[PDB]
Amino acid sequence: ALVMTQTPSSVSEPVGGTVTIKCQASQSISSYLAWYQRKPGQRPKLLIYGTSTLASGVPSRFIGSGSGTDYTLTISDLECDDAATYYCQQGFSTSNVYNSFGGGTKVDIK
Amino acid sequence: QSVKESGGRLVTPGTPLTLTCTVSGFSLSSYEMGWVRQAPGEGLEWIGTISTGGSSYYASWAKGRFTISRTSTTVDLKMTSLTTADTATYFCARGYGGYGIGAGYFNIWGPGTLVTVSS
Amino acid sequence: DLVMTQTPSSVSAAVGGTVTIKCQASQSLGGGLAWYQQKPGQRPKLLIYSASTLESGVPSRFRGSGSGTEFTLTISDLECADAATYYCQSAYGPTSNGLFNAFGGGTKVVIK
Amino acid sequence: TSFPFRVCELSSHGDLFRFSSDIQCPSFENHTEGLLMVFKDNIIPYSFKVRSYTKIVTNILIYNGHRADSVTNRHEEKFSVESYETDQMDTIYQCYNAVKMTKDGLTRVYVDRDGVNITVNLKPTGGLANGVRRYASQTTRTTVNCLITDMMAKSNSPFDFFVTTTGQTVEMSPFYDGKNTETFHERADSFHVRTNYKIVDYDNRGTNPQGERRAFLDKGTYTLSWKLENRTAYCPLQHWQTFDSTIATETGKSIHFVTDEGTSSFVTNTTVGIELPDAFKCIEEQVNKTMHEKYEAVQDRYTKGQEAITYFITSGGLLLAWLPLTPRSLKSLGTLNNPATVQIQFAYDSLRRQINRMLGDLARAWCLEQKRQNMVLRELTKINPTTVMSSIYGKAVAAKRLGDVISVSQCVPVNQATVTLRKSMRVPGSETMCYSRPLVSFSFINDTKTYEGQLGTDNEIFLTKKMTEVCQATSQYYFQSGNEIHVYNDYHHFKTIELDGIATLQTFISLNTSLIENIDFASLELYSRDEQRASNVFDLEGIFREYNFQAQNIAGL
Amino acid sequence: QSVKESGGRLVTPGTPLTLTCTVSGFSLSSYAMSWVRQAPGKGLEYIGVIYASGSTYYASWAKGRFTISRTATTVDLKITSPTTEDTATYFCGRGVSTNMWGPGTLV
């Protein structure tokens, strides 16, 4: 089955700082997936899926793309109170697997 | 629209407990629901969700346990045989395209209720 | 049909002698023939069939042999009570060109 | 577990195969007619006639006393007639009167009422119904008589002793005229063969027959007078039912003969080897006879084969004799007493020939049917050969129809790990026509490079080609992947049934025949072992053990 | 066993005379019988046969002069056209050989 992996989640960047975080896939799904964004204490929010399809009410700073086997999120100079937590999922291979994700990550302030 | 939830209650180990995902003002048929859990200290989780016409599929952890069904007014997962350390919060989700694409974060769902088994 | 050939109209010698009444036919005969003997006035009576053997009741003075076309008859010891005409009869059943079962001629002996 | 997922290629080179066109029929005993004639062993003892001579001398004690007469002594003295005067008892049947007796030099004469040395006549006496014919010559005081008796006798097979019908046993062969080494145990000088003098049989007294020779043995008391013969008057063989329409069969080890009227069938031991008789010389006269006659009445249908009458010997012991035909244009034997061994063989032979001809055809009708089945297997290949070549061979294969031969190849397996399916049959370009079959995506083994293609029938997938049809209104239809079916309503995976318990069509003509059950046989019996012993009218084991119970009283004290 | 003869009288040449007798002793169904004639001055001449299968045959000189027929207990003979020097005597066979002839009769 497919197995999800991810870079180390420890990041320490202030306002005027950015995010350099990607997730990797073992077997090639040809990159049909999205990300996850959620305020702690709140429901997760819908955002851009499928690397080119921005959703409703999405922010302009949240842009990330790629191709092949993986995408990458990279958002320059985030504001103060956003500091969300993130992960991805695997799209078009919904079956015979033990897990649909493989980890998680978080961005904070300094 | 959105959805409201019910069924959250503290319990002792050894008891089967169900829930109910209360729908509100949309098509009973033309969508698919979803379920995910997260205790504070980890991330998002397994379940894998309903088919639009009948029998469904899910993950490989609790094969033989959960007997998720559907009527024309609501959806519900049945938790028959359980463990104890699983003390998290469930969310009646909603996908868009193929198993949650177009709802890759997810489209529209509710705040969920916390369930916890602890002596 | 063929005709029999029954040539020698012989006479007897004295008692205790030999004769030979040998006759033949003109075709390929096959299995065997017969030899009768009858006194004047009565029914026939046979002695030899299939040119091979005698019959029960007639004594073993007679014999006979031959195969194919010519067939020999030999009497011996010539008791005077046995003196009459002799014959021949073919027995072969139907085939091509009709039957093959008829008598031939006549041959008598004269006791001296 | 069926055949798994696979992918086929290689239209260029494989092996070569060609449909046959001239399948032949590979299908799967001679017999001659005959005139057999069978003999059994003989058990009947040999018999002849006999006549006895005796003459009685009586001594009856009459007493003339005072109180009562003492009728005491009954004396029998049967005396034997000398040889030179028996003949007058046979010619005109006159009987001598006086007795002339010598004893140890002395000589005594007992006349019969101052009797005469000249003869006297006789008279037949009374007798029992179909008993013994016997004539008499009369109609301490002295009286005498002569006696003649006529009766039958019988003897056993290997010529030791012959016993008459009254009990006067005498140890000699019935064929012994001197100078012939046969069994003989009498002492001496008790034989005479007076050559050709006649006996007249009491109806007349003057007729002169041939009068063959006669022996005159007397033990000393009674003169037996049979007539002798040469020792060919007892053939050890006897006749039986002669069949007419047999048919022979030579297979393998030995021969079988099969008749049809008496429904029997004999079997012999050797193969061709004609045994010839050694001491059965009497029977060759009867069998040189009467083979003709049966040859005679079928003259217009058959001919002779050869003159050689052949013989045989079977297992139980019954010598056979028969001569072959052809169609035309225009010591002893000692047999074993039982039937039902020349009888059972019919029930196993005449059931063999009937079943074998029934299985003769249906090997023919099965072959002619398979030629027509071969032709249907040609025209199906011109439609789509990749299906029909699989079931005839045995596994999942592929071919690609080059010319007028078939192009067998070999497919490569695919890992069972990850299979996918597309959630929409719509072509993702516009609102025009759609695919007809649910194209899928997949990956190879041990390399993890993923591709996509189109799923065909019977879980076989070929790549790099599409097929479509014009989209129209709502009409669902199903598909069948590995171990499940799943329905598309119009263009979505609307349901998944996951039960292969939908009703099949059940096309199977049940050849539902039978077995053959095994009944066992009882053991019944028509005439018991006890019942045969009471069949005799006399009680032999009752007389003797009673006679010596009232006769042990001679020892009175 | 024997067989017998019945006929004679020496009737006029206009008569279609019949000549029959066959009596008893044995089963007639499975044997053969035959006619034969004697004439004074000369020998004998074979007439006809009848076999067990039911067919008949005739000799090589009188091919239309006679007819024979089996009556399942008796056999007979019919003469068609008599003349003044053919008919002297007749017999009764019981086979093709092996004398069972009997006394015979005279026309």
# chains A, B, ... in the order shown; residues from 1 in each chain; ligands from 1
$ interface_residues --of "chain D" --to "chain A" --cutoff "8 Å" --atoms "only C-alpha atoms" --output "short mmCIF file (atom, residue, chain, number, x, y, z; two decimals) with N, CA and C atoms, in the first residue's frame"
data_model
loop_
_atom_site.label_atom_id
_atom_site.label_comp_id
_atom_site.auth_asym_id
_atom_site.auth_seq_id
_atom_site.Cartn_x
_atom_site.Cartn_y
_atom_site.Cartn_z
N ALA D 417 -1.25 -5.91 -5.41
CA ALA D 417 -1.26 -4.97 -4.30
C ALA D 417 -2.29 -3.88 -4.51
N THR D 418 -2.11 -3.05 -5.54
CA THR D 418 -2.92 -1.86 -5.72
C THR D 418 -3.60 -1.90 -7.08
N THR D 420 -6.88 0.27 -9.01
CA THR D 420 -7.72 1.45 -8.90
C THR D 420 -8.89 1.32 -9.87
N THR D 448 7.68 0.06 -9.25
CA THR D 448 6.80 1.18 -8.88
C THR D 448 6.87 2.32 -9.89
N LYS D 449 6.44 2.01 -11.11
CA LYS D 449 6.16 3.02 -12.12
C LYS D 449 4.73 2.80 -12.59
N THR D 450 3.87 3.79 -12.36
CA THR D 450 2.43 3.63 -12.49
C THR D 450 1.94 4.06 -13.86
#
$ interface_residues --of "chain C" --to "chain E" --cutoff "9 Å" --atoms "only C-alpha atoms" --output "short mmCIF file (atom, residue, chain, number, x, y, z; two decimals) with N, CA and C atoms, in the first residue's frame"
data_model
loop_
_atom_site.label_atom_id
_atom_site.label_comp_id
_atom_site.auth_asym_id
_atom_site.auth_seq_id
_atom_site.Cartn_x
_atom_site.Cartn_y
_atom_site.Cartn_z
N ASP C 1 -25.27 -81.25 -67.69
CA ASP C 1 -24.98 -82.44 -66.89
C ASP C 1 -23.98 -83.34 -67.59
N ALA C 34 -21.65 -93.18 -54.11
CA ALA C 34 -22.23 -94.34 -53.46
C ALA C 34 -22.25 -95.52 -54.41
N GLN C 42 -36.78 -106.53 -56.13
CA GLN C 42 -36.90 -105.99 -54.79
C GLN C 42 -36.41 -104.55 -54.74
N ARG C 43 -36.37 -104.02 -53.53
CA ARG C 43 -35.93 -102.66 -53.29
C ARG C 43 -34.42 -102.58 -53.42
N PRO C 44 -33.87 -101.39 -53.63
CA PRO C 44 -32.41 -101.22 -53.59
C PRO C 44 -31.85 -101.41 -52.18
N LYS C 45 -30.52 -101.46 -52.12
CA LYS C 45 -29.79 -101.60 -50.87
C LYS C 45 -28.37 -101.11 -51.11
N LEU C 46 -27.84 -100.33 -50.18
CA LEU C 46 -26.55 -99.69 -50.41
C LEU C 46 -25.47 -100.33 -49.56
N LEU C 47 -24.23 -100.14 -49.99
CA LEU C 47 -23.08 -100.72 -49.33
C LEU C 47 -22.07 -99.69 -48.87
N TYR C 49 -20.76 -95.51 -48.88
CA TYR C 49 -21.01 -94.10 -49.14
C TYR C 49 -19.73 -93.31 -48.94
N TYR C 87 -24.27 -100.61 -59.49
CA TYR C 87 -24.63 -99.28 -59.97
C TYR C 87 -23.57 -98.29 -59.52
N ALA C 91 -23.44 -87.71 -55.51
CA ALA C 91 -24.19 -86.91 -54.54
C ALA C 91 -23.37 -85.66 -54.24
N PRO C 94 -26.80 -78.96 -55.55
CA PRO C 94 -26.88 -77.98 -56.63
C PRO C 94 -25.69 -77.04 -56.65
N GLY C 98 -26.77 -76.56 -63.04
CA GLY C 98 -27.73 -77.57 -62.63
C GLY C 98 -27.20 -78.61 -61.65
N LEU C 99 -28.01 -79.66 -61.50
CA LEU C 99 -27.81 -80.68 -60.49
C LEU C 99 -26.65 -81.60 -60.86
N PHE C 100 -26.26 -82.45 -59.91
CA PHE C 100 -25.17 -83.38 -60.14
C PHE C 100 -25.41 -84.73 -59.49
N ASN C 101 -26.66 -85.17 -59.42
CA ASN C 101 -27.04 -86.38 -58.69
C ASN C 101 -27.92 -87.29 -59.54
N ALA C 102 -27.29 -88.21 -60.26
CA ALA C 102 -28.05 -89.14 -61.08
C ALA C 102 -27.31 -90.47 -61.16
N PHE C 103 -28.06 -91.52 -61.45
CA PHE C 103 -27.47 -92.84 -61.58
C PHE C 103 -26.73 -92.95 -62.90
N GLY C 104 -25.98 -94.04 -63.06
CA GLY C 104 -25.39 -94.30 -64.35
C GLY C 104 -25.41 -95.75 -64.80
N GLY C 105 -26.11 -96.00 -65.91
CA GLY C 105 -26.03 -97.26 -66.64
C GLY C 105 -26.44 -98.48 -65.83
N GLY C 106 -25.64 -99.53 -65.95
CA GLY C 106 -25.86 -100.78 -65.25
C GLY C 106 -24.72 -101.74 -65.51
#
$ residues_around --residues "residue 8 (chain B)" --least-positions-apart "3" --cutoff "7 Å" --atoms "only C-alpha atoms" --output "number ranges by chain"
B: 113-115
$ residues_around --residues "region 78-86 of chain A" --least-positions-apart "5" --cutoff "7 Å" --atoms "only C-alpha atoms" --output "PyMOL selection string"
chain A and resi 15-18+35-39+104-109
$ write_last_selection --atoms "N, CA, C and O atoms" --output "short mmCIF file (atom, residue, chain, number, x, y, z; two decimals), in the first residue's frame"
data_model
loop_
_atom_site.label_atom_id
_atom_site.label_comp_id
_atom_site.auth_asym_id
_atom_site.auth_seq_id
_atom_site.Cartn_x
_atom_site.Cartn_y
_atom_site.Cartn_z
N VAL A 15 7.08 36.83 12.63
CA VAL A 15 6.40 37.62 11.61
C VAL A 15 7.45 38.16 10.63
O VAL A 15 8.60 38.43 11.00
N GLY A 16 7.07 38.23 9.36
CA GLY A 16 8.06 38.41 8.33
C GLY A 16 8.86 37.17 8.03
O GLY A 16 9.87 37.25 7.32
N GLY A 17 8.44 36.01 8.55
CA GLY A 17 9.08 34.75 8.26
C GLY A 17 8.16 33.89 7.40
O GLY A 17 7.01 34.23 7.13
N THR A 18 8.70 32.75 6.96
CA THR A 18 7.99 31.94 5.99
C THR A 18 7.92 30.48 6.39
O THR A 18 8.34 30.11 7.49
N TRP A 35 -3.96 20.21 1.08
CA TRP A 35 -3.39 20.38 2.41
C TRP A 35 -4.51 20.47 3.44
O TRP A 35 -5.69 20.32 3.13
N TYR A 36 -4.12 20.70 4.69
CA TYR A 36 -5.05 20.84 5.80
C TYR A 36 -4.71 22.10 6.58
O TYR A 36 -3.54 22.38 6.82
N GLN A 37 -5.73 22.86 6.97
CA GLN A 37 -5.52 24.08 7.74
C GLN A 37 -6.66 24.22 8.74
O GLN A 37 -7.83 24.08 8.38
N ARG A 38 -6.30 24.51 9.99
CA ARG A 38 -7.27 24.52 11.08
C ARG A 38 -6.76 25.38 12.23
O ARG A 38 -5.61 25.22 12.65
N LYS A 39 -7.61 26.27 12.72
CA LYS A 39 -7.32 26.98 13.96
C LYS A 39 -7.58 26.06 15.15
O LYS A 39 -8.61 25.39 15.18
N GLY A 104 1.97 15.24 10.74
CA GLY A 104 1.42 16.56 10.94
C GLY A 104 2.52 17.58 11.14
O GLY A 104 3.67 17.22 11.44
N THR A 105 2.16 18.85 10.98
CA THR A 105 3.09 19.94 11.22
C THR A 105 2.39 21.19 11.73
O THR A 105 1.17 21.33 11.61
N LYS A 106 3.18 22.10 12.29
CA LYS A 106 2.75 23.32 12.91
C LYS A 106 3.67 24.50 12.71
O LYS A 106 4.89 24.33 12.77
N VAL A 107 3.11 25.69 12.49
CA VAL A 107 3.89 26.91 12.36
C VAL A 107 3.48 27.79 13.54
O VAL A 107 2.30 27.85 13.93
N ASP A 108 4.47 28.43 14.16
CA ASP A 108 4.24 29.29 15.31
C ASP A 108 4.85 30.67 15.13
O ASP A 108 5.27 31.03 14.03
N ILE A 109 4.90 31.46 16.21
CA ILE A 109 5.48 32.79 16.18
C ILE A 109 6.69 32.81 17.11
O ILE A 109 6.89 31.92 17.93
#
$ atom_distance --atom1 "CA of residue 385 (chain D)" --atom2 "CA of residue 7 (chain D)"
15.8 Å
$ select_by_dssp --residues "region 4-109 of chain C" --states "strand (DSSP E or B)" --output "PyMOL selection string"
chain C and resi 5+18+23-24+33-38+46-49+53+63-65+70-74+76+85-86+89-90+95+98+103+107-108
$ atom_distance --atom1 "CA of residue 25 (chain D)" --atom2 "CA of residue 358 (chain D)"
17.5 Å
$ interface_residues --of "chain E" --to "chain D" --cutoff "12 Å" --atoms "only C-alpha atoms" --output "VMD selection string"
chain E and resid 28 to 34 49 to 57 94 to 98
$ atom_distance --atom1 "CA of residue 433 (chain D)" --atom2 "CA of residue 474 (chain D)"
13.6 Å
$ closest_residue --among "D:81, D:35, D:397, D:116" --to "residue 309 (chain D)" --atoms "only C-alpha atoms"
D:35
$ interface_residues --of "chain D" --to "chain C" --cutoff "9 Å" --atoms "only C-alpha atoms" --output "JSON, numbers by chain"
{"D": [285, 288, 289, 299, 300, 303, 304, 306, 307, 329, 330]}
$ write_last_selection --atoms "N, CA, C and O atoms" --output "CSV table (one decimal), in the first residue's frame"
chain,number,residue,atom,x,y,z
D,285,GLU,N,-17.9,-96.0,-35.4
D,285,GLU,CA,-18.9,-96.4,-36.4
D,285,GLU,C,-20.1,-95.5,-36.3
D,285,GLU,O,-20.7,-95.1,-37.4
D,288,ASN,N,-19.0,-92.0,-37.7
D,288,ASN,CA,-18.9,-92.0,-39.2
D,288,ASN,C,-20.3,-91.9,-39.8
D,288,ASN,O,-20.5,-91.3,-40.8
D,289,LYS,N,-21.3,-92.6,-39.2
D,289,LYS,CA,-22.7,-92.4,-39.4
D,289,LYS,C,-23.2,-91.1,-38.8
D,289,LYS,O,-22.5,-90.4,-38.1
D,299,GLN,N,-27.9,-79.1,-47.6
D,299,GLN,CA,-27.0,-79.3,-48.7
D,299,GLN,C,-26.9,-78.0,-49.6
D,299,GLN,O,-25.9,-77.7,-50.1
D,300,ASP,N,-28.1,-77.3,-49.8
D,300,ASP,CA,-28.1,-76.2,-50.7
D,300,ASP,C,-27.5,-74.9,-50.1
D,300,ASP,O,-27.6,-73.9,-50.7
D,303,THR,N,-21.0,-76.4,-48.1
D,303,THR,CA,-20.3,-77.5,-48.6
D,303,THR,C,-19.4,-78.1,-47.5
D,303,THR,O,-19.5,-77.7,-46.3
D,304,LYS,N,-18.7,-79.2,-47.8
D,304,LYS,CA,-17.8,-79.7,-46.8
D,304,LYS,C,-16.6,-78.8,-46.7
D,304,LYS,O,-16.3,-78.0,-47.6
D,306,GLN,N,-13.5,-80.3,-45.0
D,306,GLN,CA,-12.6,-81.4,-45.2
D,306,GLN,C,-13.2,-82.7,-44.6
D,306,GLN,O,-14.2,-82.6,-43.9
D,307,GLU,N,-12.7,-83.9,-44.9
D,307,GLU,CA,-13.2,-85.1,-44.4
D,307,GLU,C,-12.9,-85.3,-43.0
D,307,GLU,O,-13.5,-86.1,-42.3
D,329,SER,N,-22.1,-70.1,-52.8
D,329,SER,CA,-22.8,-69.3,-53.7
D,329,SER,C,-23.8,-70.3,-54.5
D,329,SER,O,-24.0,-71.4,-54.1
D,330,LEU,N,-24.4,-69.8,-55.6
D,330,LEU,CA,-25.3,-70.7,-56.3
D,330,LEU,C,-24.7,-70.8,-57.8
D,330,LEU,O,-24.9,-71.9,-58.4
$ residues_around --residues "residue 245 (chain D)" --least-positions-apart "3" --cutoff "12 Å" --atoms "only C-alpha atoms" --output "list in words"
residues 32, 33, 34, 35, 36, 37, 242, 248, 257, 258, 259, 260, 261, 262, 263, 294, 295, 298, 322, 324 and 325 of chain D
$ residues_around --residues "residue 20 (chain E)" --least-positions-apart "2" --cutoff "7 Å" --atoms "only C-alpha atoms" --output "number ranges by chain"
E: 5-6, 18, 75-77
$ write_last_selection --atoms "N, CA, C and O atoms" --output "PDB file, in the first residue's frame"
ATOM      1  N   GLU E   5     -46.694 -96.254 -50.073  1.00  0.00           N
ATOM      2  CA  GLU E   5     -46.974 -95.868 -51.449  1.00  0.00           C
ATOM      3  C   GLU E   5     -48.449 -96.120 -51.727  1.00  0.00           C
ATOM      4  O   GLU E   5     -49.042 -97.071 -51.208  1.00  0.00           O
ATOM      5  N   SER E   6     -49.055 -95.264 -52.552  1.00  0.00           N
ATOM      6  CA  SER E   6     -50.466 -95.427 -52.904  1.00  0.00           C
ATOM      7  C   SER E   6     -50.677 -94.929 -54.327  1.00  0.00           C
ATOM      8  O   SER E   6     -50.491 -93.738 -54.596  1.00  0.00           O
ATOM      9  N   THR E  18     -52.452 -88.102 -60.004  1.00  0.00           N
ATOM     10  CA  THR E  18     -51.669 -87.775 -58.823  1.00  0.00           C
ATOM     11  C   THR E  18     -51.099 -89.059 -58.243  1.00  0.00           C
ATOM     12  O   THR E  18     -51.632 -90.148 -58.485  1.00  0.00           O
ATOM     13  N   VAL E  75     -45.813 -86.070 -48.618  1.00  0.00           N
ATOM     14  CA  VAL E  75     -45.314 -85.454 -49.840  1.00  0.00           C
ATOM     15  C   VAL E  75     -45.919 -86.234 -51.000  1.00  0.00           C
ATOM     16  O   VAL E  75     -46.359 -87.377 -50.824  1.00  0.00           O
ATOM     17  N   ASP E  76     -45.987 -85.622 -52.178  1.00  0.00           N
ATOM     18  CA  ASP E  76     -46.752 -86.191 -53.281  1.00  0.00           C
ATOM     19  C   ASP E  76     -45.950 -86.072 -54.571  1.00  0.00           C
ATOM     20  O   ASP E  76     -44.775 -85.692 -54.562  1.00  0.00           O
ATOM     21  N   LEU E  77     -46.603 -86.386 -55.686  1.00  0.00           N
ATOM     22  CA  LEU E  77     -46.049 -86.179 -57.012  1.00  0.00           C
ATOM     23  C   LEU E  77     -47.206 -86.103 -57.996  1.00  0.00           C
ATOM     24  O   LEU E  77     -48.112 -86.939 -57.961  1.00  0.00           O
TER      25      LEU E  77
END
